[PDB]
Novice: 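Here it is: the structure, laid out below.
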Amino acid sequence: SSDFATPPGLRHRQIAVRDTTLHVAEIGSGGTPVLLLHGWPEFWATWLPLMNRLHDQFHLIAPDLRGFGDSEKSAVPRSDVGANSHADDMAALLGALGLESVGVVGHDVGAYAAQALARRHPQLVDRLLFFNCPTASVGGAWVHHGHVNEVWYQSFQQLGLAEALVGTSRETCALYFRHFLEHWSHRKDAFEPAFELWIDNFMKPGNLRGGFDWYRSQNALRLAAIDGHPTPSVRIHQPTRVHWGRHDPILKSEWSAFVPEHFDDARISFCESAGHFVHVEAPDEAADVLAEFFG
Amino acid sequence: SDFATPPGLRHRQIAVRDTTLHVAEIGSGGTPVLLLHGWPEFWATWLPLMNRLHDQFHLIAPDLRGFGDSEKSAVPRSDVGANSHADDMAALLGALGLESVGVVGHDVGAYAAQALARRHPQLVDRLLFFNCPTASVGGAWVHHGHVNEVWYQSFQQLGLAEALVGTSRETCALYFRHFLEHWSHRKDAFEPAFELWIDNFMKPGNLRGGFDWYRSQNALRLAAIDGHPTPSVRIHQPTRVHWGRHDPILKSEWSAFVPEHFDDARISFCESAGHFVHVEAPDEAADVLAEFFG
């Protein structure tokens, strides 16, 4: 069956959390749960390929981050929904579900959120799996060695022009999101079975603005890091696995070299066949790395 | 308006190298001055200065290859850079029978004028720039917050840019209004020509043709950003630089890099202009041009 099929027994809740409402998908039961954190341009359904493979082995919890999927959006553009906000939202969600500790899977935005959860609410996090693991140490590597050509969207998406132009029609929305799903993948047809599900998601009122809010919230921090003034922080102590997509064109696999600087106990490996979306492009291998690390 | 048709304005399609250029001309004798537009422009960006200078100079205002009413290629290209524009202008000066000319440029036109001054120095008597980007800008393209200004240079290289901006007249208007307002200090300076500007960028090929510049210049830009530009010989011709003080994309502080690249440069600033000195402050721009070339 499809990597994007939905097994019976998937459950959806709207959970009141902090001063917002989050959509949370859950499947499975028994054992320490695994909290899966999506990126941009994604939502909880990014986890369907791994949920199809693992739901009989783990209780999987896949929220829409604030401002994504079917979670609540703010009426107006915001600059205060950064990694610490998402972390605090995840700590409150675990508290709403009666859970004292979980495994945490992160990539992209979800990797920033997972790092901030591990520092700010260390007791809630048993261990960490990252499918890419950007750190404060990246710095000038965001804009040097050709990388300036990959980062244009981070600035563009802070403009009024971005919501106006990308939001013109379903067709403009499809052109924009197809570019990221194709160019950021090594396996370019990886998202084809759920492509129209992604476009339906980014046509939902607020989902352009809510995702672009991440880029507004990170802008000051990214600019400081680019100019060699990174945000100081303590190493993450929890056992960590990094399984980086070797062909990731936006979060370069070479940035794995910065992981030991920020983690006491990180094991680093590469998915040789994936770009940015290891959990969609190489789900069998991704499921095996998850099952092994969380065993 | 500053965009009225000046007396003496003539239009030709001229065969140069492997292409055909639209060339607007005023006069045939006295001091010739070649005007080189930028992105997102075409020959008509020169109408304000032509309306002030039509009795004083032989003005030559081409559409560069892939702009305005000049020929476009059918598919996206990356070989239409500064050197290609310079060699086209060298061949256009031969077709008009002009042994040597003053040259005016900004933005794309500035890079093309530099490349013409270097590659065919016998054809260039003197140079006026309304902004004068050099390989020395280097890391200043992306440091100190400047990365937020240059997103368009990378976006415009993707097939996505042509498909999205080209969706409709409304998407085209929205995109080009962003640049004309955000890059300007005098925010209304293009309003009289706005409908004609959108007509231009709705012409088949004019999105792709202008976007080819960004594909063609990317390798040089990436080398400059990492502090490894190709060294070049200094430009020996007398040079005038009149840079818009408020230019948010080509920072006026980058005037600091001019003396490294030019033997003889007179550098001043237009206090009331952003990126488009020749449109936002045309009385002042025409006075600087007339004094330098007169």
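Just the heavy atoms: all of them, side chains too, but no hydrogens, waters or symmetry mates, feed the values below. Every chain is numbered from 1, with letters handed out A, B, ... down the list of sequences.
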Novice: To check you understand the geometry: which heavy-atom pair defines the closest contact between B:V147 and A:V148, and what is its length?
Specialist: CG2-CG2, 4.4 Å

Novice: Between A:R119 and A:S233, is there a side-chain donor-acceptor contact under 3.5 Å, judged purely by atom types and distance?
Specialist: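 Result is yes, a qualifying pair exists.
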
Novice: Sort and list the pairs that fulfil salt bridge (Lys or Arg N to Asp or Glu O under 4.0 Å) and have at least one residue in residues 153-180 of chain A, not counting sequence neighbours.
Specialist: A:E163-A:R209, A:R170-A:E196, A:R170-A:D200, A:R178-A:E182

Novice: Just wondering, do A:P239 and A:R267 contact through their side chains at under 4.5 Å, heavy atoms?
Specialist: no

Novice: Strictly under 6.0 Å, is that where the ring centroids of A:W198 and A:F191 end up?
Specialist: yes

Novice: Is the backbone N or O of A:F43 less than 3.5 Å from a side-chain atom of A:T46, with the two atoms forming a donor-acceptor pair by type?
Specialist: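 Checking the backbone N and O of A:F43 against the side chain of A:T46, no donor-acceptor pair under 3.5 Å is found.
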
Novice: I'd like to check A:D288 versus A:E292 (side-chain heavy atoms, cut-off strictly below 4.5 Å). Are they in contact?
Specialist: no

Novice: How about A:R187 and A:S273: do any of their side-chain heavy atoms sit closer than 4.5 Å?
Specialist: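 Counting from C-beta outward, A:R187 and A:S273 never come under 4.5 Å.
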
Novice: Using a 4.5 Å cut-off on heavy atoms from C-beta on, say whether the side chain of A:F277 contacts that of A:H107.
Specialist: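 A:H107 vs A:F277: side chains touch.
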
Novice: Can a side-chain donor-acceptor contact be found between A:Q14 and A:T21 if the only test is distance below 3.5 angstrom?
Specialist: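 Side-chain D/A pair, A:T21 to A:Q14: absent.
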
Novice: Please find the pair of heavy atoms, one from A:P122 and one from A:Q238, that lie closest to each other, and give the distance.
Specialist: O-NE2, 3.2 Å

Novice: Between A:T32 and A:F58, is any pair of side-chain heavy atoms under 4.5 Å apart?
Specialist: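 Contact flag for A:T32/A:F58 side chains = no.
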
Novice: How many angstroms lie between atom CG of A:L36 and atom CH2 of A:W47, to the nearest 0.5 angstrom?
Specialist: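 These two atoms lie 5.5 Å from each other.
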
Novice: Given side chains that start at C-beta, do those of A:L197 and A:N201 come closer than 4.5 Å, heavy atoms only?
Specialist: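 Contact flag for A:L197/A:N201 side chains = no.
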
Novice: I'd like to check the ring pair (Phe, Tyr, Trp, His ring centres under 6.0 Å) partners of A:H147; sequence neighbours left out, ordered by chain and number.
Specialist: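 So A:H147 forms a ring pair (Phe, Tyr, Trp, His ring centres under 6.0 Å) with A:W255.
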
Novice: Would A:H121 and A:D88 count as having a side-chain donor-acceptor pair, cut-off 3.5 Å?
Specialist: yes

Novice: Using the benzene-type ring in the case of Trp, are the ring centres of A:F195 and A:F177 under 6.0 Å apart?
Specialist: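 Not close enough - the centres of the two rings lie 6.0 Å or further apart.
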
Novice: By ring pair (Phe, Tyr, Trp, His ring centres under 6.0 Å), which residues pair with A:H247, not counting sequence neighbours?
Specialist: A:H186

Novice: Donor-acceptor pair, A:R11 side chain versus A:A25 backbone, under 3.5 Å?
Specialist: no

Novice: Spell out, as yes or no, whether a donor-acceptor pair under 3.5 Å connects the side chain of A:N52 to the backbone of A:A5.
Specialist: yes

Novice: Which residue, A:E42, A:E285, A:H38, forms the side-chain hydrogen bond (donor to acceptor under 3.5 Å, both in side chains) with A:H279?
Specialist: A:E42

Novice: Do other residues, nucleotides or ligands put more than 12 heavy atoms under 6.0 Å from the NE2 atom of B:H144?
Specialist: no

Novice: Do the numbers put A:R246 on top of the ring of A:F270, so that NZ or CZ is under 6.0 Å from the six-membered ring centre and no more than 45° off the axis?
Specialist: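 Judged by the rule (NZ or CZ under 6.0 Å from the ring centre, within 45° of its axis), A:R246 counts as positioned above A:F270.
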
Novice: Kindly say whether the aromatic ring centers of A:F202 and A:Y176 come within a distance under 6.0 Å.
Specialist: no

Novice: Any chance the rings of A:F68 and A:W40 have centres within less than 6.0 Å?
Specialist: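 That pair fails the under 6.0 Å test.
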
Novice: Name the orientation class of the two ring planes belonging to B:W183 and B:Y152 (parallel below 30°, tilted from 30 to 60°, perpendicular beyond 60°).
Specialist: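 Rings of B:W183 and B:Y152: perpendicular, over 60°.
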
Novice: Does B:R77, at its CZ atom, have more than 12 non-hydrogen atoms belonging to other residues, nucleotides or ligands within less than 6.0 Å?
Specialist: no

Novice: Any non-hydrogen side-chain atom of A:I268 less than 4.5 Å from a side-chain atom of A:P260?
Specialist: yes

Novice: Ignoring hydrogens, what is the shortest heavy-atom contact between A:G275 and A:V278? Give both atom names and the distance.
Specialist: O-CG2, 3.9 Å

Novice: Take A:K73 and A:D213 through the test salt bridge (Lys or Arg N to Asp or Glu O under 4.0 Å) and record every step on the way to the result.
Specialist: CA-CA 10 Å; A:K73 269 75 51 174; A:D213 282 345; over 6 Å; no

Novice: Drop me the distance from A:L60's CG to A:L35's CG, to the nearest 0.5 angstrom.
Specialist: 10.0 Å

Novice: Parallel under 30°, tilted from 30 to 60°, perpendicular over 60°: which one fits the rings of B:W151 and B:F155?
Specialist: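 Taking B:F155 first and then B:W151, their aromatic rings sit tilted (interplane angle of 30° to 60°).
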
Novice: Which heavy atom of A:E281 sits nearest to which heavy atom of A:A190, and what is that distance?
Specialist: CG-CB, 4.0 Å

Novice: Do B:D107 and B:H275 have side-chain atoms, one donor and one acceptor, less than 3.5 Å apart?
Specialist: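 Checked: B:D107/B:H275 side chains pair up, N/O donor to acceptor below 3.5 Å.
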
Novice: Are more than 12 heavy atoms, taken from residues, nucleotides or ligands other than B:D79, located less than 6.0 Å from that residue's CG atom?
Specialist: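 Above 12, so yes.
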
Novice: Would you say the side-chain atoms of A:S217 pair up with the backbone N or O of A:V81, donor to acceptor, closer than 3.5 Å?
Specialist: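 The answer is yes, because a donor-acceptor pair under 3.5 Å joins these two groups.
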
Novice: Would you name the heavy atoms of A:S155 and B:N148 that are closest together and state the gap between them?
Specialist: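 Closest approach of A:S155 to B:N148, heavy atoms only: OG-OD1, 2.8 Å.
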
Novice: Can you check whether A:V24 reaches A:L93 side chain to side chain, under 4.5 Å on heavy atoms?
Specialist: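 SC-SC contact between A:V24 and A:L93 confirmed.
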
Novice: At their closest point, which heavy atom of A:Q57 faces which heavy atom of A:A291, and how far apart are they?
Specialist: NE2-CB, 4.0 Å

Novice: Under the 3.5 angstrom rule, does the side chain of A:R127 hit a backbone N or O of A:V102 as a donor-acceptor pair?
Specialist: no

Novice: Do A:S71 and A:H23 get their side chains close enough for a donor-acceptor pair, meaning under 3.5 Å?
Specialist: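 No, A:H23 and A:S71 have no side-chain donor paired with an acceptor closer than 3.5 Å.
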
